[PDB]
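The block underneath contains the structure these notes are about, expressed in structure tokens.
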Amino acid sequence: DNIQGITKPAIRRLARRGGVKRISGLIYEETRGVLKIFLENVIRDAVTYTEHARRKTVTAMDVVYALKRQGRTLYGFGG
Amino acid sequence: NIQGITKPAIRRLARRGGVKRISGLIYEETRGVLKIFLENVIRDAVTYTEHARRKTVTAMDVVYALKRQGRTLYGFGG
Amino acid sequence: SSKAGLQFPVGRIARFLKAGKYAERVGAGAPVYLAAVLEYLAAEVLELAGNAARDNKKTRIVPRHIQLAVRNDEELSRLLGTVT
Amino acid sequence: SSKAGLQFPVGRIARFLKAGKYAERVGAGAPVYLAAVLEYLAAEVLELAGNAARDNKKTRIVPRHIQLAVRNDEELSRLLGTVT
Amino acid sequence: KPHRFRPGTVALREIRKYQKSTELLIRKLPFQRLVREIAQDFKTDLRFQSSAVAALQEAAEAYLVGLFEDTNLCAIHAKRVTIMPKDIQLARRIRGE
Amino acid sequence: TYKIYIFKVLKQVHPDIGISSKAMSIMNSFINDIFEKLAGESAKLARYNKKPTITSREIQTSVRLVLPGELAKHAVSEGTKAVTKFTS
Amino acid sequence: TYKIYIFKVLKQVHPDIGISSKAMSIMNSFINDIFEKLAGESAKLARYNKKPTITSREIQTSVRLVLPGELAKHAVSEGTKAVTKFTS
Amino acid sequence: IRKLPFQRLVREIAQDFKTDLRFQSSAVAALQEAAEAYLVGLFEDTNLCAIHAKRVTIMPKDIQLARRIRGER
DNA sequence: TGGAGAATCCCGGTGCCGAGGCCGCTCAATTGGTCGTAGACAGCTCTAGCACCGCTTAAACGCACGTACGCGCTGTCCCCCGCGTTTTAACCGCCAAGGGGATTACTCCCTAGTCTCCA
DNA sequence: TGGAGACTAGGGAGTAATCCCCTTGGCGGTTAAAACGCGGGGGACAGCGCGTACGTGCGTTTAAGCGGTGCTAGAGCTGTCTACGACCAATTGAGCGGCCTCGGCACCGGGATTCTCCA
């Protein structure tokens, strides 16, 4: 599966960036689940914005608007 | 008058919140948090009132101040 | 509203859209769709509140019943996460 | 713009206000006030970003410097709490 | 032989009674005096409608109830039962306040 | 003030169950907030696409964005049904 | 885009400090977001009292509402100074 | 996060909502940046939760709490 | 394994005032023309997204093993809960003052609409 | 080609006054909670130990990365042009406040039933 592509080293690097020092072995499955939930919640809005404009190409602006709508505004990718 | 929020009031609020047991230092922190929240809402409410050139704060001003903070409130007009 | 088979005021909602300055022009389809969506949401919330009231053996909806209906359902709770 | 000493385009700001249908009518003072507020905020943010960059011994501004400036100041932090 | 409840049972009874009820849990007159004292700083000689004060009281009570729910969750997370200042501060810190 | 229409809807779903003044005000505030949310999102979508006319498509996209999951599905179905019945 | 004006402001505050393409885009996005916030809040303020005109007072109220604390106060001072200079 | 596996994950997730979708590289990059920022913030909050509980090893019952407090699930 | 004090609920008796229906009537919802134009549609350009496929190699993966530490156990004591007493001010009803919300009217001044020009 | 400038008229704004509604400020008085103090027990916690699992280094895949190769789907835009929506106006009826009634509910008394400790 592609979700398994987010392996242990990636989650460990993210945790080390977030301040965590020692990570339990069961964190990784929860981290993948949370990442999938977040990606679903952003992609639904992005795809809805894309379908509204009758386009088949998801662009940067759709993703930026989807993020800004979730109260997670992002800068540097247009708009 | 912040001391007017007596200990039994905070006890009742905590019991409603589902807290089984309360330390003795919660009360000062709860008063501080209540003051912070009231200041945050009242600043916006008074700003909305002062915009309309009035000296009477209305219910709509408070409701809009709550709605701008992410604490939308129903059943008081709008 | 009669032609659309709705209990909501399509004309009043159209007037609100036009006077609200949301957009320069409002197509005829928009007020009917918005009235239908509002009617469906109101019907759902009122149905949940009434079913909650029938459990509490009270025949009059009150804020407690509305709060119970909002918090017992997951979708509405997600919609009304920050609503008192 | 140059008449009031402000670098921001008062004319462009007025056009943006009118085009976006924010109001039916726009006063002659509102674009000047908005230009002043935007210019002050931009100047403050750029100054903080440059000051943060100087500690890094770099002669150019990068998104890392802007992120540091945003996360350092408390007021900008509250204004930009959820900005990446 | 006076019948005395063991420590804790009456707290749970109060929890059940209060969660079963809906009325406000803050004295109205001290809350109104507090609101006037706080609003004195932002604008001098203001006047509050009764409904505005009631709305402020309802909002404050709802906010405190939510904060105490999150504080109780934080306390249970640390295997304690007694909520403490380190539990309210964490619940505020996570929310971003 | 959507009080009369909310009352009619409640009678449609519950013929015998009434509603209090506070509950009626809560329902009215909820309807007003939902309507303002949908209208604001439709205005944002129209401005982003530069189309000055709010059509059924903008309202449909706004409903898909605001209402989650089953609520979104049923609301979109109801709106499409109402628009189809109105046009015909 | 506000790239020219942001570039000039940055050169004014820091002549010896330059800016890259990504940093300029981030600053432009921040300026656009602030402008959208202030304009939307002024529109909401106008809609609340049903006054169809946006003046310096509406912008000042929106600045007080959106910007917090000392930023709001300094922005109010800057706007008042600029409006007074312009109208004179 | 690795670029290509995350791109495949994004495409797989988008497959369900609407089949036959084509992504600009900019949109994928923005989604990856947002995912990284959200995960970093969540892990910081989880670290706070685990420090509060007299521990240094974060656990799934800490991420769950840090998301329950925010109100994400 | 039952007994005892505290606490809550069932049946029935009161009152109450707010929900529920009536009804002017007035202002807004429509329907019929009329006109200006944005959006539907067709068609053309080509930008950029998708798929193959080989060569590199850093990164993920599996194993071994030691040590930090997470969790169960235990006893000290301290400080919060339950409680009886007192004291204090929230709170209910009266009562007026009047200060400011609320139009109503009128003038007058400021901004949108139109035409011309240039950085 | 959008920003600047000048001319023109038409409607929102500021102001005055008045009307009266709601808020502020007292005052008397019954009384329901705050304040306070006194056990005591129970949970906070500080130390202890032991077994579990996580970090690190090492050897070995393996899929990411790049680059180079190709195509071609649809973004992007322009040109017609027609069905749509704004505007206006006579019409009329639906919702607004203000009148009423009455019945479902609030709350208590007497008594019955159930709950937390305890011998």
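For the structure tokens, the naming scheme is as follows: chains receive sequential letters (A, B, ...) according to their order of presentation, residues are indexed from 1 within each chain, and ligands are indexed from 1 in presentation order.
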Can you move chain G onto chain F by a least-squares fit over all C-alpha atoms paired in order, then give me the moved copy as a PDB file with C-alpha atoms, in the first residue's frame?
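What landed in selection-v3.pdb:
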ATOM      1  CA  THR G   1     -37.484  36.112  10.976  1.00  0.00           C
ATOM      2  CA  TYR G   2     -38.004  32.530   9.791  1.00  0.00           C
ATOM      3  CA  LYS G   3     -40.344  31.763  12.708  1.00  0.00           C
ATOM      4  CA  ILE G   4     -43.419  30.972  10.592  1.00  0.00           C
ATOM      5  CA  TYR G   5     -41.544  28.639   8.242  1.00  0.00           C
ATOM      6  CA  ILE G   6     -39.617  26.880  11.023  1.00  0.00           C
ATOM      7  CA  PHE G   7     -42.873  26.452  12.956  1.00  0.00           C
ATOM      8  CA  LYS G   8     -44.604  24.947   9.915  1.00  0.00           C
ATOM      9  CA  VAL G   9     -41.666  22.610   9.241  1.00  0.00           C
ATOM     10  CA  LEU G  10     -41.673  21.448  12.867  1.00  0.00           C
ATOM     11  CA  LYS G  11     -45.423  20.837  12.717  1.00  0.00           C
ATOM     12  CA  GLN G  12     -44.883  18.837   9.518  1.00  0.00           C
ATOM     13  CA  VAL G  13     -42.156  16.621  10.991  1.00  0.00           C
ATOM     14  CA  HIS G  14     -43.874  16.424  14.413  1.00  0.00           C
ATOM     15  CA  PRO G  15     -47.499  17.623  14.564  1.00  0.00           C
ATOM     16  CA  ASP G  16     -47.839  16.646  18.234  1.00  0.00           C
ATOM     17  CA  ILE G  17     -44.648  18.450  19.357  1.00  0.00           C
ATOM     18  CA  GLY G  18     -44.657  22.191  20.013  1.00  0.00           C
ATOM     19  CA  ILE G  19     -41.899  24.768  20.398  1.00  0.00           C
ATOM     20  CA  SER G  20     -41.209  27.507  22.941  1.00  0.00           C
ATOM     21  CA  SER G  21     -39.996  31.063  22.360  1.00  0.00           C
ATOM     22  CA  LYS G  22     -36.373  30.308  23.255  1.00  0.00           C
ATOM     23  CA  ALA G  23     -36.257  27.149  21.134  1.00  0.00           C
ATOM     24  CA  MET G  24     -37.774  29.038  18.194  1.00  0.00           C
ATOM     25  CA  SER G  25     -35.183  31.796  18.618  1.00  0.00           C
ATOM     26  CA  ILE G  26     -32.388  29.207  18.717  1.00  0.00           C
ATOM     27  CA  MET G  27     -33.683  27.553  15.542  1.00  0.00           C
ATOM     28  CA  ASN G  28     -33.972  30.949  13.844  1.00  0.00           C
ATOM     29  CA  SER G  29     -30.392  31.783  14.840  1.00  0.00           C
ATOM     30  CA  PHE G  30     -29.198  28.415  13.517  1.00  0.00           C
ATOM     31  CA  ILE G  31     -31.003  28.934  10.200  1.00  0.00           C
ATOM     32  CA  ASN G  32     -29.595  32.458   9.899  1.00  0.00           C
ATOM     33  CA  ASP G  33     -26.078  31.199  10.641  1.00  0.00           C
ATOM     34  CA  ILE G  34     -26.356  28.427   8.037  1.00  0.00           C
ATOM     35  CA  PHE G  35     -27.671  30.931   5.494  1.00  0.00           C
ATOM     36  CA  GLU G  36     -24.822  33.338   6.271  1.00  0.00           C
ATOM     37  CA  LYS G  37     -22.264  30.536   5.926  1.00  0.00           C
ATOM     38  CA  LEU G  38     -23.618  29.337   2.578  1.00  0.00           C
ATOM     39  CA  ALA G  39     -24.009  32.847   1.159  1.00  0.00           C
ATOM     40  CA  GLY G  40     -20.516  33.875   2.255  1.00  0.00           C
ATOM     41  CA  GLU G  41     -18.982  30.726   0.801  1.00  0.00           C
ATOM     42  CA  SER G  42     -20.825  31.261  -2.491  1.00  0.00           C
ATOM     43  CA  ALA G  43     -19.595  34.864  -2.548  1.00  0.00           C
ATOM     44  CA  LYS G  44     -16.026  33.666  -1.970  1.00  0.00           C
ATOM     45  CA  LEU G  45     -16.399  31.081  -4.744  1.00  0.00           C
ATOM     46  CA  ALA G  46     -17.661  33.761  -7.131  1.00  0.00           C
ATOM     47  CA  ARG G  47     -14.794  36.069  -6.147  1.00  0.00           C
ATOM     48  CA  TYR G  48     -12.217  33.313  -6.704  1.00  0.00           C
ATOM     49  CA  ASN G  49     -13.031  32.844 -10.399  1.00  0.00           C
ATOM     50  CA  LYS G  50     -14.127  36.500 -10.786  1.00  0.00           C
ATOM     51  CA  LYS G  51     -17.550  35.350 -12.003  1.00  0.00           C
ATOM     52  CA  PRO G  52     -20.106  37.960 -10.837  1.00  0.00           C
ATOM     53  CA  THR G  53     -23.106  35.578 -10.990  1.00  0.00           C
ATOM     54  CA  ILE G  54     -24.329  33.120  -8.351  1.00  0.00           C
ATOM     55  CA  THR G  55     -26.219  30.156  -9.815  1.00  0.00           C
ATOM     56  CA  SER G  56     -27.338  26.741  -8.606  1.00  0.00           C
ATOM     57  CA  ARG G  57     -23.835  25.417  -9.297  1.00  0.00           C
ATOM     58  CA  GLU G  58     -22.222  27.936  -6.932  1.00  0.00           C
ATOM     59  CA  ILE G  59     -24.706  27.074  -4.174  1.00  0.00           C
ATOM     60  CA  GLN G  60     -24.081  23.359  -4.753  1.00  0.00           C
ATOM     61  CA  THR G  61     -20.312  23.839  -4.483  1.00  0.00           C
ATOM     62  CA  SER G  62     -20.768  25.881  -1.302  1.00  0.00           C
ATOM     63  CA  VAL G  63     -22.999  23.153   0.153  1.00  0.00           C
ATOM     64  CA  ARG G  64     -20.337  20.548  -0.633  1.00  0.00           C
ATOM     65  CA  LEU G  65     -17.651  22.728   0.964  1.00  0.00           C
ATOM     66  CA  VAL G  66     -19.479  23.722   4.154  1.00  0.00           C
ATOM     67  CA  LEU G  67     -21.778  20.837   5.052  1.00  0.00           C
ATOM     68  CA  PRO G  68     -19.827  17.644   5.851  1.00  0.00           C
ATOM     69  CA  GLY G  69     -20.323  14.182   4.441  1.00  0.00           C
ATOM     70  CA  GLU G  70     -23.802  12.706   4.312  1.00  0.00           C
ATOM     71  CA  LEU G  71     -25.355  16.065   5.179  1.00  0.00           C
ATOM     72  CA  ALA G  72     -23.614  17.577   2.154  1.00  0.00           C
ATOM     73  CA  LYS G  73     -24.753  14.723  -0.089  1.00  0.00           C
ATOM     74  CA  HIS G  74     -28.374  14.912   1.077  1.00  0.00           C
ATOM     75  CA  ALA G  75     -28.407  18.700   0.725  1.00  0.00           C
ATOM     76  CA  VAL G  76     -27.017  18.394  -2.807  1.00  0.00           C
ATOM     77  CA  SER G  77     -29.749  15.879  -3.645  1.00  0.00           C
ATOM     78  CA  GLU G  78     -32.459  18.115  -2.162  1.00  0.00           C
ATOM     79  CA  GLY G  79     -31.194  21.182  -4.013  1.00  0.00           C
ATOM     80  CA  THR G  80     -30.938  19.345  -7.327  1.00  0.00           C
ATOM     81  CA  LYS G  81     -34.456  17.949  -6.904  1.00  0.00           C
ATOM     82  CA  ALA G  82     -35.889  21.358  -6.005  1.00  0.00           C
ATOM     83  CA  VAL G  83     -34.169  23.160  -8.890  1.00  0.00           C
ATOM     84  CA  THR G  84     -35.291  20.493 -11.369  1.00  0.00           C
ATOM     85  CA  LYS G  85     -38.872  20.710 -10.081  1.00  0.00           C
ATOM     86  CA  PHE G  86     -38.854  24.517 -10.247  1.00  0.00           C
ATOM     87  CA  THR G  87     -37.368  24.804 -13.744  1.00  0.00           C
ATOM     88  CA  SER G  88     -39.873  22.238 -15.070  1.00  0.00           C
TER      89      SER G  88
END
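Applying a distance limit of 8 Å to only C-alpha atoms, the residues of chain A near chain G read residues 75, 76, 77, 78 and 79 of chain A.
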Write a file of the selected residues as a JSON list (two decimals), in the first residue's frame, keeping C-alpha atoms.
[["chain", "number", "residue", "atom", "x", "y", "z"],
["A", 75, "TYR", "CA", 1.80, 31.30, 2.10],
["A", 76, "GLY", "CA", 4.20, 31.00, -0.82],
["A", 77, "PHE", "CA", 2.24, 28.78, -3.24],
["A", 78, "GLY", "CA", 0.20, 31.51, -4.92],
["A", 79, "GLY", "CA", -2.53, 33.70, -3.48]]
Can you give chain D as a PDB file with C-alpha atoms, in the first residue's frame after you superpose it on chain C, pairing all C-alpha atoms in order for the least-squares fit?
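Below you can see result.pdb, which holds the result:
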ATOM      1  CA  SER D   1     -41.955  28.644  -2.638  1.00  0.00           C
ATOM      2  CA  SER D   2     -45.279  26.832  -2.977  1.00  0.00           C
ATOM      3  CA  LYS D   3     -44.570  26.249  -6.677  1.00  0.00           C
ATOM      4  CA  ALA D   4     -41.652  23.920  -5.885  1.00  0.00           C
ATOM      5  CA  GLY D   5     -43.243  22.491  -2.729  1.00  0.00           C
ATOM      6  CA  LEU D   6     -40.690  24.153  -0.433  1.00  0.00           C
ATOM      7  CA  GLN D   7     -42.036  26.015   2.597  1.00  0.00           C
ATOM      8  CA  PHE D   8     -39.139  28.479   2.747  1.00  0.00           C
ATOM      9  CA  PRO D   9     -39.591  31.968   1.230  1.00  0.00           C
ATOM     10  CA  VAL D  10     -37.672  31.825  -2.061  1.00  0.00           C
ATOM     11  CA  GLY D  11     -38.525  35.490  -2.605  1.00  0.00           C
ATOM     12  CA  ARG D  12     -37.266  36.527   0.826  1.00  0.00           C
ATOM     13  CA  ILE D  13     -34.110  34.452   0.318  1.00  0.00           C
ATOM     14  CA  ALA D  14     -33.493  36.166  -3.025  1.00  0.00           C
ATOM     15  CA  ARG D  15     -34.016  39.560  -1.385  1.00  0.00           C
ATOM     16  CA  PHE D  16     -31.543  38.632   1.358  1.00  0.00           C
ATOM     17  CA  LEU D  17     -28.998  37.514  -1.244  1.00  0.00           C
ATOM     18  CA  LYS D  18     -29.345  40.755  -3.210  1.00  0.00           C
ATOM     19  CA  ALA D  19     -29.436  43.072  -0.179  1.00  0.00           C
ATOM     20  CA  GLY D  20     -26.330  41.581   1.415  1.00  0.00           C
ATOM     21  CA  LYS D  21     -24.243  42.266  -1.711  1.00  0.00           C
ATOM     22  CA  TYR D  22     -23.122  38.632  -1.831  1.00  0.00           C
ATOM     23  CA  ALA D  23     -23.004  38.921  -5.633  1.00  0.00           C
ATOM     24  CA  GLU D  24     -23.746  41.461  -8.350  1.00  0.00           C
ATOM     25  CA  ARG D  25     -26.164  39.043 -10.045  1.00  0.00           C
ATOM     26  CA  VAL D  26     -28.164  36.109  -8.681  1.00  0.00           C
ATOM     27  CA  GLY D  27     -29.323  33.305 -10.941  1.00  0.00           C
ATOM     28  CA  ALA D  28     -32.874  32.009 -11.005  1.00  0.00           C
ATOM     29  CA  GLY D  29     -31.739  28.651  -9.619  1.00  0.00           C
ATOM     30  CA  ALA D  30     -29.588  29.777  -6.696  1.00  0.00           C
ATOM     31  CA  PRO D  31     -32.429  30.910  -4.365  1.00  0.00           C
ATOM     32  CA  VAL D  32     -34.302  27.640  -4.967  1.00  0.00           C
ATOM     33  CA  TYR D  33     -31.194  25.574  -4.194  1.00  0.00           C
ATOM     34  CA  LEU D  34     -30.457  27.615  -1.062  1.00  0.00           C
ATOM     35  CA  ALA D  35     -34.073  27.315   0.094  1.00  0.00           C
ATOM     36  CA  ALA D  36     -33.957  23.545  -0.382  1.00  0.00           C
ATOM     37  CA  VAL D  37     -30.698  23.227   1.571  1.00  0.00           C
ATOM     38  CA  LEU D  38     -31.986  25.385   4.433  1.00  0.00           C
ATOM     39  CA  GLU D  39     -35.295  23.501   4.531  1.00  0.00           C
ATOM     40  CA  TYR D  40     -33.528  20.127   4.626  1.00  0.00           C
ATOM     41  CA  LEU D  41     -31.184  21.234   7.416  1.00  0.00           C
ATOM     42  CA  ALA D  42     -34.033  22.743   9.442  1.00  0.00           C
ATOM     43  CA  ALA D  43     -36.150  19.611   9.003  1.00  0.00           C
ATOM     44  CA  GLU D  44     -33.282  17.340  10.067  1.00  0.00           C
ATOM     45  CA  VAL D  45     -32.376  19.432  13.120  1.00  0.00           C
ATOM     46  CA  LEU D  46     -36.012  19.766  14.205  1.00  0.00           C
ATOM     47  CA  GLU D  47     -36.583  16.025  13.747  1.00  0.00           C
ATOM     48  CA  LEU D  48     -33.551  15.177  15.883  1.00  0.00           C
ATOM     49  CA  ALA D  49     -34.606  17.701  18.535  1.00  0.00           C
ATOM     50  CA  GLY D  50     -38.113  16.241  18.646  1.00  0.00           C
ATOM     51  CA  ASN D  51     -36.803  12.683  18.875  1.00  0.00           C
ATOM     52  CA  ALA D  52     -34.539  13.704  21.761  1.00  0.00           C
ATOM     53  CA  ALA D  53     -37.506  15.455  23.391  1.00  0.00           C
ATOM     54  CA  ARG D  54     -39.640  12.308  23.167  1.00  0.00           C
ATOM     55  CA  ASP D  55     -37.162  10.454  25.387  1.00  0.00           C
ATOM     56  CA  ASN D  56     -37.757  13.217  27.956  1.00  0.00           C
ATOM     57  CA  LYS D  57     -41.551  12.646  27.768  1.00  0.00           C
ATOM     58  CA  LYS D  58     -42.176  16.318  26.928  1.00  0.00           C
ATOM     59  CA  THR D  59     -44.626  17.650  24.342  1.00  0.00           C
ATOM     60  CA  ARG D  60     -42.694  20.900  23.782  1.00  0.00           C
ATOM     61  CA  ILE D  61     -39.209  21.666  22.465  1.00  0.00           C
ATOM     62  CA  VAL D  62     -36.751  23.395  24.806  1.00  0.00           C
ATOM     63  CA  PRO D  63     -33.114  24.442  24.333  1.00  0.00           C
ATOM     64  CA  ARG D  64     -32.065  21.368  26.331  1.00  0.00           C
ATOM     65  CA  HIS D  65     -33.510  19.133  23.607  1.00  0.00           C
ATOM     66  CA  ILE D  66     -31.720  21.093  20.872  1.00  0.00           C
ATOM     67  CA  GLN D  67     -28.445  20.888  22.801  1.00  0.00           C
ATOM     68  CA  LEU D  68     -28.844  17.125  23.232  1.00  0.00           C
ATOM     69  CA  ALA D  69     -29.628  16.661  19.532  1.00  0.00           C
ATOM     70  CA  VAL D  70     -26.612  18.752  18.508  1.00  0.00           C
ATOM     71  CA  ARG D  71     -24.208  16.965  20.855  1.00  0.00           C
ATOM     72  CA  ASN D  72     -25.496  13.493  19.918  1.00  0.00           C
ATOM     73  CA  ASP D  73     -25.155  13.413  16.127  1.00  0.00           C
ATOM     74  CA  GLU D  74     -21.538  13.342  14.970  1.00  0.00           C
ATOM     75  CA  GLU D  75     -22.130  15.295  11.751  1.00  0.00           C
ATOM     76  CA  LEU D  76     -24.094  18.035  13.511  1.00  0.00           C
ATOM     77  CA  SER D  77     -21.437  17.998  16.238  1.00  0.00           C
ATOM     78  CA  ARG D  78     -18.741  18.743  13.666  1.00  0.00           C
ATOM     79  CA  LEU D  79     -20.962  21.396  12.079  1.00  0.00           C
ATOM     80  CA  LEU D  80     -21.831  22.926  15.481  1.00  0.00           C
ATOM     81  CA  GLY D  81     -18.707  22.144  17.495  1.00  0.00           C
ATOM     82  CA  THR D  82     -18.604  25.563  19.177  1.00  0.00           C
ATOM     83  CA  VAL D  83     -22.324  26.342  19.510  1.00  0.00           C
ATOM     84  CA  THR D  84     -23.900  27.033  22.893  1.00  0.00           C
TER      85      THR D  84
END
Output as a PDB file with N, CA, C and O atoms (P, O5', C5', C4', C3', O3' and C1' of nucleotides), in the first residue's frame the set of chain I residues within 12 Å of chain A, with distances taken over only C-alpha atoms (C1' of nucleotides).
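See part13.pdb below for the written result:
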ATOM      1  P    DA I  48       3.824  26.036 -18.547  1.00  0.00           P
ATOM      2  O5'  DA I  48       3.367  24.616 -17.986  1.00  0.00           O
ATOM      3  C5'  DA I  48       1.986  24.348 -17.803  1.00  0.00           C
ATOM      4  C4'  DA I  48       1.712  22.861 -17.889  1.00  0.00           C
ATOM      5  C3'  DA I  48       2.600  21.989 -16.991  1.00  0.00           C
ATOM      6  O3'  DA I  48       1.795  21.085 -16.257  1.00  0.00           O
ATOM      7  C1'  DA I  48       2.559  21.140 -19.176  1.00  0.00           C
ATOM      8  P    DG I  49       2.119  20.772 -14.716  1.00  0.00           P
ATOM      9  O5'  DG I  49       1.383  19.376 -14.457  1.00  0.00           O
ATOM     10  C5'  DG I  49       0.044  19.191 -14.899  1.00  0.00           C
ATOM     11  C4'  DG I  49      -0.121  17.839 -15.567  1.00  0.00           C
ATOM     12  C3'  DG I  49       0.508  16.668 -14.810  1.00  0.00           C
ATOM     13  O3'  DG I  49      -0.452  15.641 -14.614  1.00  0.00           O
ATOM     14  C1'  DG I  49       1.199  16.669 -17.091  1.00  0.00           C
ATOM     15  P    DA I  59      19.905  10.086   2.406  1.00  0.00           P
ATOM     16  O5'  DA I  59      18.651   9.136   2.669  1.00  0.00           O
ATOM     17  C5'  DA I  59      17.635   9.033   1.684  1.00  0.00           C
ATOM     18  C4'  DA I  59      16.831   7.761   1.866  1.00  0.00           C
ATOM     19  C3'  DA I  59      16.444   7.449   3.308  1.00  0.00           C
ATOM     20  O3'  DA I  59      15.106   7.006   3.349  1.00  0.00           O
ATOM     21  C1'  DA I  59      17.585   5.610   2.379  1.00  0.00           C
ATOM     22  P    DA I  60      14.263   7.122   4.708  1.00  0.00           P
ATOM     23  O5'  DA I  60      13.598   5.677   4.857  1.00  0.00           O
ATOM     24  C5'  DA I  60      12.793   5.170   3.806  1.00  0.00           C
ATOM     25  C4'  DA I  60      12.941   3.666   3.679  1.00  0.00           C
ATOM     26  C3'  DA I  60      12.539   2.868   4.920  1.00  0.00           C
ATOM     27  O3'  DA I  60      11.641   1.838   4.545  1.00  0.00           O
ATOM     28  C1'  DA I  60      14.670   2.197   4.156  1.00  0.00           C
ATOM     29  P    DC I  61      10.945   0.922   5.665  1.00  0.00           P
ATOM     30  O5'  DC I  61      11.886  -0.364   5.738  1.00  0.00           O
ATOM     31  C5'  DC I  61      12.161  -1.113   4.563  1.00  0.00           C
ATOM     32  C4'  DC I  61      12.919  -2.380   4.908  1.00  0.00           C
ATOM     33  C3'  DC I  61      12.561  -2.978   6.267  1.00  0.00           C
ATOM     34  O3'  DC I  61      12.472  -4.390   6.170  1.00  0.00           O
ATOM     35  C1'  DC I  61      14.878  -2.573   6.168  1.00  0.00           C
ATOM     36  P    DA I  68      21.578   3.569  31.174  1.00  0.00           P
ATOM     37  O5'  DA I  68      20.383   4.596  30.912  1.00  0.00           O
ATOM     38  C5'  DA I  68      20.208   5.158  29.617  1.00  0.00           C
ATOM     39  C4'  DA I  68      18.740   5.206  29.234  1.00  0.00           C
ATOM     40  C3'  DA I  68      17.828   5.886  30.244  1.00  0.00           C
ATOM     41  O3'  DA I  68      16.836   6.635  29.556  1.00  0.00           O
ATOM     42  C1'  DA I  68      17.123   3.646  29.930  1.00  0.00           C
ATOM     43  P    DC I  69      15.924   7.693  30.345  1.00  0.00           P
ATOM     44  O5'  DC I  69      14.570   6.892  30.608  1.00  0.00           O
ATOM     45  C5'  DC I  69      13.929   6.227  29.535  1.00  0.00           C
ATOM     46  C4'  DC I  69      12.811   5.339  30.043  1.00  0.00           C
ATOM     47  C3'  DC I  69      12.041   5.899  31.243  1.00  0.00           C
ATOM     48  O3'  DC I  69      10.660   5.604  31.102  1.00  0.00           O
ATOM     49  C1'  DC I  69      12.808   3.767  31.747  1.00  0.00           C
ATOM     50  P    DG I  70       9.642   6.691  30.503  1.00  0.00           P
ATOM     51  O5'  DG I  70       8.337   5.830  30.163  1.00  0.00           O
ATOM     52  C5'  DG I  70       8.445   4.676  29.339  1.00  0.00           C
ATOM     53  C4'  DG I  70       7.550   3.552  29.840  1.00  0.00           C
ATOM     54  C3'  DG I  70       6.339   3.993  30.650  1.00  0.00           C
ATOM     55  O3'  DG I  70       5.242   3.126  30.389  1.00  0.00           O
ATOM     56  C1'  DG I  70       7.746   2.647  32.004  1.00  0.00           C
TER      57       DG I  70
END
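Put simply, atom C1' of residue I:4 is 10.8 Å away from atom CA of residue E:2.
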Item to check | Counting only C-alpha atoms (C1' of nucleotides), chain I residues within 8 Å of chain E, as a PyMOL selection string | outcome: chain I and resi 5+81-82+90
Next on the checklist: When DSSP is applied to the backbone of this structure, which of stretch 13-57 of chain G are assigned helix (DSSP H, G or I)? Write them out as a ChimeraX atom specification.
Outcome noted: /G:13,21-49,56-57
Which residues of chain I come within 12 Å of chain D, and for each one, what is the closest pair of atoms and their distance in Å to one decimal, counting only C-alpha atoms (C1' of nucleotides), sorted by chain and residue number, as a tab-separated table?
residue	atom	partner	partner_atom	distance
I:110	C1'	D:27	CA	8.2
I:111	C1'	D:27	CA	6.9
I:112	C1'	D:25	CA	7.8
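Here atom CA of residue B:3 and atom CA of residue E:55 stand 20.9 Å from one another.
Atom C1' of residue J:30 sits 22.9 Å away from atom CA of residue E:31.
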Next on the checklist: Please return, as a PyMOL selection string, all residues of chain E that DSSP assigns to strand (DSSP E) on the basis of the backbone.
Outcome noted: chain E and resi 47-48+82-83
Checklist entry - What residues in chain J lie within 10 Å of chain B, counting only C-alpha atoms (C1' of nucleotides), written as number ranges by chain? => result J: 23, 33-34
Could you write out the selected residues, including N, CA, C and O atoms (P, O5', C5', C4', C3', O3' and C1' of nucleotides), as a short mmCIF file (atom, residue, chain, number, x, y, z; two decimals), in the first residue's frame?
data_model
loop_
_atom_site.label_atom_id
_atom_site.label_comp_id
_atom_site.auth_asym_id
_atom_site.auth_seq_id
_atom_site.Cartn_x
_atom_site.Cartn_y
_atom_site.Cartn_z
P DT J 23 -32.56 47.82 29.59
"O5'" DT J 23 -31.57 48.73 30.45
"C5'" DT J 23 -30.82 49.75 29.80
"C4'" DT J 23 -30.21 50.71 30.81
"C3'" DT J 23 -29.62 50.05 32.05
"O3'" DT J 23 -28.38 50.66 32.37
"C1'" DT J 23 -31.24 51.66 32.69
P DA J 33 -29.99 28.80 47.07
"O5'" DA J 33 -28.51 28.26 47.33
"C5'" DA J 33 -27.78 28.70 48.47
"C4'" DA J 33 -26.97 29.94 48.16
"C3'" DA J 33 -25.48 29.72 48.12
"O3'" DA J 33 -24.86 30.80 47.44
"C1'" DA J 33 -26.03 30.88 50.09
P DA J 34 -23.34 30.68 46.96
"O5'" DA J 34 -22.53 31.58 48.01
"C5'" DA J 34 -21.13 31.64 47.94
"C4'" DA J 34 -20.58 32.71 48.86
"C3'" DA J 34 -19.20 32.42 49.40
"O3'" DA J 34 -18.57 33.63 49.78
"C1'" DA J 34 -20.75 32.30 51.16
#
